[PDB]
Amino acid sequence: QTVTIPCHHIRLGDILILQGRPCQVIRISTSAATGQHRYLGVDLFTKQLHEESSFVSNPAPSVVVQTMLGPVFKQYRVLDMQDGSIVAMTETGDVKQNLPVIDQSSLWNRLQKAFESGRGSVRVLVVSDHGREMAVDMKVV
């Protein structure tokens, strides 16, 4: 699933859906001809570059809004850490044995130290790309 984000709340480093792919934004520019914003991002899964321009709508008189789509992050519990991947569990009890962890900003070591400190409190934020799941951030409940 996706969420609509207003463009004035998008900054470098945010994760957006570009060309149907979840990407980390690395450049923001503005089109001189249309006024749309252009977003250059890095595919979280393949590391390829993608670009997409914003969507302009007029839902009411005197209201002009530019939006992009962002992913809906899922929150899983961490049951075990095994060799780069983790054993995760959904809120309903569905067990995921080999969930990969992205190599971005030392997430694995941040996750490792919080797990040994408070296993039951650690959560991973997960994105999906047409069936494939990956942990891209962590949270402490």
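Counting begins at 1, following the sequence as shown.
Across the two stretches, 78-86 and 50-58, the PDB entry reports the greater mean Cα temperature factor for 78-86. In this crystal structure, the stretch out of 93-101 and 33-41 whose C-alpha atoms carry the higher mean B factor is 93-101.
Listed residues 114, 28, 68, 64 were ranked by CA B-factor as deposited; 114 comes out on top. Considering 21, 9, 123, 132 together, the PDB entry gives 132 the largest C-alpha B factor.
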